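# Survey of secondary and tertiary structure
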Amino acid sequence: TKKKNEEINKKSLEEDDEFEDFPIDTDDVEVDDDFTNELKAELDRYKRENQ
Amino acid sequence: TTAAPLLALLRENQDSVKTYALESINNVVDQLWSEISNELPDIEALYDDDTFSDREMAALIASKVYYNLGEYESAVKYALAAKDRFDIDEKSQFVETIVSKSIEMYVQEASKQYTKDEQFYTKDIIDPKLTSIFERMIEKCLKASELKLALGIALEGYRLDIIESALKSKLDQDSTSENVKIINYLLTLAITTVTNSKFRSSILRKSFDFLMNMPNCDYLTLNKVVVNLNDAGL
Amino acid sequence: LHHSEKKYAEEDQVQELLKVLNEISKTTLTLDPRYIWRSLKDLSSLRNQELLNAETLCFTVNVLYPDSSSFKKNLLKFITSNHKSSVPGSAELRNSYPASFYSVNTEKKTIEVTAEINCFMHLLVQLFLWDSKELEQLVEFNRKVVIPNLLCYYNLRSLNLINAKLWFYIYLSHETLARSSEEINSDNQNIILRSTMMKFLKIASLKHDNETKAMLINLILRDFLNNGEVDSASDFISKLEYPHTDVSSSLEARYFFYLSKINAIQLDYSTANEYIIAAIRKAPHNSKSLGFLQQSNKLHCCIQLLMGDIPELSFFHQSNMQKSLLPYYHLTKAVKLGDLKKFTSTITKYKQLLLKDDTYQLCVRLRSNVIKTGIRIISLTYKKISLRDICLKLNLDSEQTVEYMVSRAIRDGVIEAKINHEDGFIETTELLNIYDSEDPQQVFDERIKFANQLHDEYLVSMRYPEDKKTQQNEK
Amino acid sequence: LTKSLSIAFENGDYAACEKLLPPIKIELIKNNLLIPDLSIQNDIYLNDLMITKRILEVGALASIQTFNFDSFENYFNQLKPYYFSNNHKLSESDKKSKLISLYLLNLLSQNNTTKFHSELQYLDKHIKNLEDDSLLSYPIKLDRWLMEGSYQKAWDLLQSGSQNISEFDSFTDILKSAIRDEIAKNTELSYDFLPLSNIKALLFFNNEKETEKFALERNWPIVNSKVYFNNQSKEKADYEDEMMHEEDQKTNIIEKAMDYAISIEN
């Protein structure tokens, strides 16, 4: 009954369904950096070489 | 809704506009007892000066602000400082609170002073206005015609004049049978609560005189007084 | 059909009623009626769904009717009346027993048994009304009866324990009526709503009943918040008597929720932290309680970003409140990377979701922060960075502009740099090392003081259980 | 008489508005009594209330132009609960938008952002949304750029104010002086010594002499047309640090030890 008290008082802030109102309405980030780097290294190389 | 317009009009010199504001304040305090506190010293300065003419009303309002906050001490000095506006307090039965607070303050003081001299009511030190509020609370119980709430209250507060006069008005001798009762209840009470010599002795001595005044009295009661006070003179 | 089910329902109520009637009338066993009343409310709500919910109709029919009768008739009127046994006193089966109430003495007026029974009946009625979704007339009528009904009586420690529930429904029901529909009447009655709560609180200071104080104060904060009346809330909080000691932990968590909200908006963030962290731990993790939790996490996300912290990504990675918290998450990202153009797009697209929760206003203010985090980054990286390079990168207006960002940022000391105008670059000055400083002492003071408080709580709690079982019979 | 006041504004004497106001303040008791004070609203009372608002309103505008703050604020207190009433009475006006704008600018000039944001939160619903921002955009953006840190932007709004002055300059002046102070404080820690040209340019002074006026007031030596911020500010800081407040909040290392020890032993 301590637990029951918690859930009831809380309800008015939760209203109808602050639980399902919202969904009814609606290095790990960084992309493949291998590709960028591949191309960088060859673009450097080329110039280096013909200089 | 907000009390800030009311606050603002008070500063204006014009008396007609300030007085009308007080009256408006008095009916929003209930809730607004918060915003008004920031500006409460202005309301206080208008009472403190004799310059003002609506003084009693201004103190009354400051009291209500202290009461709601719960800073009781100031609330009671400001009630007694308006001097009138008390019929207002009486027609609220949800503020008899401050009256009681006044009872609390009295009882402490009186009891202390009693030992030096039994009398102290009239005394300059014990503000006369406070004296009277004490008797008023007691007077309510006596409109309702129960003598037991009335004595009760007096006892704690070390008030001998009151106890004399109460007892006497019902020592009209309707019968021996009833006279006899009243005395006996007063002995049992006095004995087991008040153990202070001087106050107890005084109560008992009175109870002696009353039966003694009367030519026909039971003797059972009379032996008890004599022994307990261990007073050969009676 | 009707008869059987109705009858069982009445019995069930009668059983409950009898328990609490024996309990309440004997000395100061306060805790017992209080735990019992709570459980009961839950049991009753759960009950209604099967074997009818005309328990209310029954339950009126077999008790003394002081004004119960008038309400019941109104309720029947609302859902189209019927009569079948629906007037109270139509079965006399109390029979002047003491348990079902001594029928004659209630009438004689020598004694009053109806008092506490009527508070309890109002609770039961109120719960059914909200469960049902009986709005308009009932809601108004219920409020109109109950306010003067309570001011008719004189409170006791036991009566105080009961109105701690009743005042929640008086509030809630009114809110529901604003939430149906806009009326010109709703604007007037909002004022009246505040007024009756405020009066009852004053008296309840004098009863020194913490239960009711705490309940009341939470309701009162929620109303000021809807009208955005911070100035009036600020004085209100300075009253200081909102108890914590006796109160249930739910009332501490709604109170702290409100504290976070009101502090954050008036441009206090430091203290606002303590309050939101505390409010999450106190809340339970219950299945019905998940709705509260999302709301608390929306707000937390905001508080932190303003302060200059980065909520862990990790914390939000394994959460399941995902779909609702998508807007917030993108804000965190914008701040963390310092990316200027991203930020703006993020708040325009999501505007409507953000507005509902009223996190939005906090979100505009993180605009200063986007820039600052992005300057934090350039400093950590670079010891001398020409101011000319910073002006291109963050696409800043003029050379004067780039200076002013850094100038103001170092006032809170977030970046700690020095600008050289003439040499035309910034040189990092950052201490980095603070072990050397006096600071390590201060951090540890908080750690130690929290720890010591936990030992005291333990001691006091440990002995109490053991006494109770030792008294009881045992081997 | 309500029309005596009315015409007093059109005439354009706001000194005339001022001297006439005190007799009307006794009269404004009488206007209050005409309305039952919102106990029930009817259309007769819609008319009565229109006059009351108009009176208070012409008085308010007058006080800003005569630079008397006290009167303006008080009237303003009243005015708010007057405007907020119900859902919409005849609160919506051209003046409604205008009066809000001014109030917010005032709160910024008092350099009291606490209340500014508080007042902003009150507005942020119904009214801000329905009226959009078109006179509101002037205080929202002003407050916003000062927060952001981009001072250049905060300054240009002040200067462009010229096409709209009617009573706004009474704040414009106060607000500027505070802006130069703000800049000076940020730039104190940034750098000690600045060329003469740059001190002027930053603070957006028109003249060099005005620059040296602000130094003297600020207690900073000018040595070879270069300001020096380090000395006095540090001394002052030191002196300020010692007071009967921050002595119990220091906490001595010996004092920390005592408290840890005795808590175990209680």
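How each quantity is defined
- Residues numbered from 1 in each chain as written, not as in the entry; some residues may be left out.
- Chains lettered and ligands numbered in written order.
- Part of a larger assembly, values for the part shown.
- Heavy atoms only, no water.
- Helix = DSSP H or I, 4+ residues; strand = E, 2+ residues; numbered from the N terminus.
- Rg over C-alpha atoms; globule rule 2.2 N^0.38 Å.
- Buried < 20%, exposed > 50% of the residue type's maximum accessible area, 1.4 Å probe, protein only.
- Areas by Shrake-Rupley, 256 points an atom, 1.4 Å probe, with all protein chains shown as cover.
- UniProt positions renumbered as here; feature names shortened; annotations may be inferred.
- Contact = heavy atoms within 4.5 Å.
- Buried area = accessible area lost by both parts, 1.4 Å probe.
- Salt bridge = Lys/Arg side-chain N within 4 Å of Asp/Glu carboxyl O.
- Polar contact = N/O pair within 3.5 Å; in protein donor to acceptor, adjacent residues only side chain to side chain.
- Nonpolar A, V, L, I, M, F, W, Y, C, P; charged D, E, K, R; others polar.
- Pairing = 2+ DSSP bridges.
- Axes fitted to C-alpha atoms, helices over the stretch in contact; angles between N-to-C directions.
- Core = buried A, V, L, I, M, F, W, Y, C linked by side-chain atoms within 4.5 Å.
- Parallel < 35°, antiparallel > 145°, perpendicular 65-115°, else oblique.
- Left-handed = near helix turned anticlockwise from the far one by under 90°.
- Patch = residues over 30% accessible without salt bridge, like charges linked within 9 Å, V, L, I, M, F, W, Y side chains within 5 Å.
- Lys, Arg positive; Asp, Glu negative; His and termini not counted.
- Charge placed at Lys NZ, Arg CZ, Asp CG, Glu CD.

Looking at the entry header, you'll see cryo-EM listed as the method and 4.1 Å as the resolution.

### What about the overall build of chain D?
The number of helices and strands found in chain D is 14 helices and zero strands. Relative to its length of 266 residues, chain D is extended, with a C-alpha radius of gyration of 26 Å against a globular reference of 18 Å. Once the C-alpha set of chain D is aligned to its principal axes, its extents read approximately 75 × 65 × 35 Å. In chain D, buried positions account for 40% of the 266 residues. As presented, chain D carries roughly 14,800 Å² of accessible surface, and 55% of it is formed by carbon and sulfur atoms.

### A few points about the UniProt feature "domain: PCI" in chain D
UniProt tags residues 70–245 of chain D as "domain: PCI". From the first C-alpha to the last, residues 70–245 of chain D spans 33 Å; its make-up is 68% helix and 0% strand.

### Examining the interface of chain C and chain D
Listed by partner, the interface residues are 40 residues for chain C and 38 residues for chain D. Where chain C abuts chain D, roughly 3,700 Å² becomes buried across the two surfaces, and 50% of that area is made up of carbon and sulfur atoms. Area buried by chain C at its contact with chain D is led by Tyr404, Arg408 and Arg411 of chain C, which between them contribute 15% of it. The tally of links from chain C across to chain D stands at three salt bridges. On the surface where chain C and chain D come into contact, there are 15 residue pairs in polar contact. Of all the secondary-structure elements, those providing two or more residues to the side of chain C that touches chain D are α9 (184–207), α11 (230–237), α19 (360–381), α21 (399–409), β2 (417–420) and α22 (439–471) of chain C. Its residues assigned to classes, the side of chain C that touches chain D shows eleven nonpolar, 15 polar and 14 charged.

### Focus: the sheet that holds β2 of chain C
Residues and elements named next belong to chain C. Taking strand neighbours across the sheet as the criterion, the three strands line up as β1-β3-β2 in an open arrangement whose pairing is antiparallel. Only two strands of the sheet have a single neighbouring strand rather than two, namely β1 (384–386) and β2. Within this sheet the neighbouring strands show an average axis-to-axis angle of 25 degrees, counted without direction. Inspection of the sheet shows β1 paired to strand β3 (residues 425–428) by three bridges, in the antiparallel sense.

### Examining the nonpolar core
Soluble, globular proteins show a tendency: their nonpolar side chains are buried together. Counting 164 residues, the largest nonpolar core has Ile36 of chain B together with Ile220 of chain C as its most contacted members. Among residues more than four places away in sequence, those in contact with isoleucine 36 of chain B are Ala3, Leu7, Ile25, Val28, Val29, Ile43 and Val65 of chain B. Grouped together as the second largest cluster of nonpolar side chains are 53 residues, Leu99, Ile199, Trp220 and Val227 of chain D included.

### Focus on the pairing of β3 of chain C
Residue and element names in this part refer to chain C. Direction of pairing for β2 relative to β3: antiparallel, over a ladder of four bridges. Pairing of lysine 418 across the sheet is with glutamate 427, part of β3. Where β2 hands over to β3, the hairpin turn is made up of four residues, of which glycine 424 adopts a positive phi near 80 degrees.

### What to know about the interface of chain B and chain D
Tallying the contact residues gives twelve residues for chain B and ten residues for chain D. Summing both partners gives a buried area of about 1,000 Å² for chain B against chain D, and 60% of it is carried by carbon and sulfur. On the chain B side of the interface with chain D, the three residues burying the most area are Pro5, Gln14 and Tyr20 of chain B, jointly 43% of the side's total. Between the two partners, chain B and chain D, sit four residue pairs in polar contact. When residues of the side of chain B that touches chain D are assigned to their parent elements, the largest contribution, six residues, is made by helix α1 (residues 4–9) of chain B.

### Notes on the packing of helix α8 (residues 157–180) of chain C against helix α10 (residues 210–226) of chain C
Residue and element names in this part refer to chain C. Packing of α8 against α10 brings their axes to within 8 Å, and their N-to-C directions diverge by 15 degrees. Our classification of the angle between α8 and α10 gives roughly parallel. Handedness of the α8/α10 crossing: left-handed. Where α8 approaches α10, its residues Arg157, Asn160, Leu161, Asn163, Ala164, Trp167, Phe168, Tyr171 and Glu175 are matched on the opposing element by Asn210, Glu211, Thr212, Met215, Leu216, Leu219, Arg222, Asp223 and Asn226. Grouping the amino acids of the contact of α8 with α10 by side-chain chemistry returns eight nonpolar, five polar and five charged.

### What about a negative patch on the surface?
Taken together, the side chains of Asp27, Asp28, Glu30, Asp32, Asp33, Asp34 and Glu38 of chain A define an acidic patch exposed on the protein surface. Within the fold, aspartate 34 of chain A resides in helix α3 (residues 33–49).

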